[PDB]
Amino acid sequence: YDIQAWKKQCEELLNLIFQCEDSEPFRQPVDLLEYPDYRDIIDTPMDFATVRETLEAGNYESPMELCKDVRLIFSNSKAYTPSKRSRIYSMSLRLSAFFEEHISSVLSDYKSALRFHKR
Ligand SMILES: CN(CCO)c1ccccn1
């Protein structure tokens, strides 16, 4: 029932994601010199360094907000991909599966802790 535990749990999960080779295309904002049309398709860029910085700044109130930004990294890759077989998109799907597998208990524990706080 620790309402604050999610933050360190998210820091640890981001550390695992950064050490994963599949995260390399997503560690920093998409390079607009490499992909000149990126902002014509994607309205809201997102990357894991921005998520980590937002967390460290104390600018996430809940793990749901962090999860919405991580999911935006993956939906941006899906929207930008020219093919469902592209290398970077394929990396995003594996990384998404890994993230969802680990974030589920973080979300459950936080929501349970908040319900206990308001019992
Ligand atoms: C650079 N990225 C992330 C786009 O958000 C790509 C590139 C090709 C296919 C899919 N995602």
Side-chain angles (χ1 to χ4, degrees), residues 1-7 9-119:
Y1 310 131
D2 184 337
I3 296 158
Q4 281 95 47
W6 64 277
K7 181 171 184 183
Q9 287 163 0
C10 286
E11 290 168 2
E12 296 300 282
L13 178 51
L14 287 167
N15 284 348
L16 293 174
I17 286 167
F18 266 88
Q19 77 176 228
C20 186
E21 290 177 6
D22 281 339
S23 70
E24 206 281 334
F26 313 106
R27 292 174 193 162
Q28 300 293 322
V30 172
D31 190 331
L32 308 180
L33 304 174
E34 293 173 3
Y35 302 102
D37 63 337
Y38 192 72
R39 298 299 306 277
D40 300 338
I41 301 144
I42 301 304
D43 287 328
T44 309
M46 190 51 59
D47 67 277
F48 287 108
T50 296
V51 173
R52 176 180 266 167
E53 286 160 1
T54 300
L55 185 66
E56 179 62 18
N59 291 350
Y60 285 129
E61 185 178 17
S62 70
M64 296 82 79
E65 292 181 346
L66 178 142
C67 186
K68 181 175 164 177
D69 283 350
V70 171
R71 287 171 175 170
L72 179 61
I73 298 171
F74 304 133
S75 61
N76 285 346
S77 182
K78 188 173 186 176
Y80 189 70
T81 196
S83 171
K84 286 182 186 202
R85 299 180 61 200
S86 89
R87 177 76 196 273
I88 292 168
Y89 176 61
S90 72
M91 291 165 83
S92 85
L93 293 180
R94 293 190 294 264
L95 198 65
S96 172
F98 175 82
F99 173 77
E100 294 296 333
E101 177 175 292
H102 289 75
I103 207 60
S104 58
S105 54
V106 177
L107 292 168
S108 294
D109 285 0
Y110 174 79
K111 297 177 172 174
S112 160
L114 259 206
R115 288 191 292 268
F116 190 77
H117 189 71
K118 313 170 190 307
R119 71 199 184 276

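Heavy atoms only: backbone and side chains are in, while hydrogens, waters and symmetry mates are out. Residue numbers count from 1 along this sequence.
Counting only heavy atoms from C-beta outward, the side chains of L13 and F98 approach each other to under 4.5 Å. Using a 4.5 Å cut-off on side-chain heavy atoms (C-beta onward), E21 and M91 make no contact. The shortest side-chain heavy-atom distance between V30 and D47 does not fall under the 4.5 Å cut-off.
Rounded to the nearest 0.5 Å, atoms CD1 (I17) and SG (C20) are 8.0 Å apart. Atom NZ of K68 is separated from atom OG of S62 by 10.5 Å, given to the nearest 0.5 angstrom. Considering OG1 of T50 and CZ of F26, their distance stands at 14.0 Å, rounded to 0.5 Å. Distance check, rounded to the nearest 0.5 Å: NE2 of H117 to OG of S112 gives 13.0 Å. Annotation: the span from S105 atom OG to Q9 atom CD amounts to 6.5 Å, rounded to 0.5 Å. From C10, atom SG reaches atom OH of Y110 across 11.0 Å, with rounding to the nearest 0.5 Å.
Counting all heavy atoms, side chain and backbone alike, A5 lies closest to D2 at N-OD1, 3.2 Å. The two residues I88 and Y35 have their closest heavy-atom pair at CD1-OH, 3.7 Å. In terms of heavy atoms, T81 sits closest to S86 at OG1-OG, 2.8 Å.
A 6.0 Å sphere centred on OH of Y1 holds no more than 12 heavy atoms belonging to other residues, nucleotides or ligands.
When the side chains of ILVMFWY residues are joined at heavy-atom separations under 4.5 Å, either directly or via intervening members, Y89 and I73 end up in two distinct hydrophobic clusters. In terms of hydrophobic clustering, with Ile, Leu, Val, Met, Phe, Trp and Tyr side chains grouped at heavy-atom distances under 4.5 Å, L16 and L95 are assigned to a common cluster. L93 and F99 end up in different hydrophobic clusters when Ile, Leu, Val, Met, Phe, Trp and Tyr side chains are linked at under 4.5 Å.
One N or O on the side chain of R39 and one on the backbone of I42 form a donor-acceptor pair closer than 3.5 Å. Of the possible donor and acceptor atoms, one in the side chain of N76 sits under 3.5 Å from a partner among the backbone N and O of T44. Counting only distance, with no hydrogens or angles, the side chain of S108 and the backbone of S104 share a donor-acceptor pair below 3.5 Å. No donor-acceptor distance shorter than 3.5 angstrom exists from the side chain of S96 to the backbone of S92, with no hydrogens or angles considered.
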Run the side chain to side chain contact (heavy atoms under 4.5 Å, CB included) check on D31 and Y38 step by step: do they pass? CA-CA 9 Å; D31 190 331; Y38 192 72; over 6 Å; no
Chi angles and distances behind the side chain to side chain contact (heavy atoms under 4.5 Å, CB included) call for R71, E100: CA-CA 9 Å; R71 287 171 175 170; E100 294 296 333; 2.8 Å; yes
Pair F18, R52 - check side chain to side chain contact (heavy atoms under 4.5 Å, CB included), show working. CA-CA 10 Å; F18 266 88; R52 176 180 266 167; 3.4 Å; yes
What verdict does the side chain to side chain contact (heavy atoms under 4.5 Å, CB included) test give for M64 and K111, after you've listed the backbone C-alpha separation in whole Å, the side-chain angles of each residue and the deciding distance to 0.1 Å? CA-CA 9 Å; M64 296 82 79; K111 297 177 172 174; 3.9 Å; yes
Should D37 and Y80 be marked as a side-chain hydrogen bond (donor to acceptor under 3.5 Å, both in side chains) after you check the CA-CA gap, both sets of side-chain angles, and the distance that decides it? CA-CA 10 Å; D37 63 337; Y80 189 70; 2.6 Å; yes
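The cationic atom of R119 (NZ for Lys, CZ for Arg) lies less than 6.0 Å from the six-membered ring centre of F116 and within 45° of the ring axis.
The only option from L107, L55, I103 that meets the side chain to side chain contact (heavy atoms under 4.5 Å, CB included) definition with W6 turns out to be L55.
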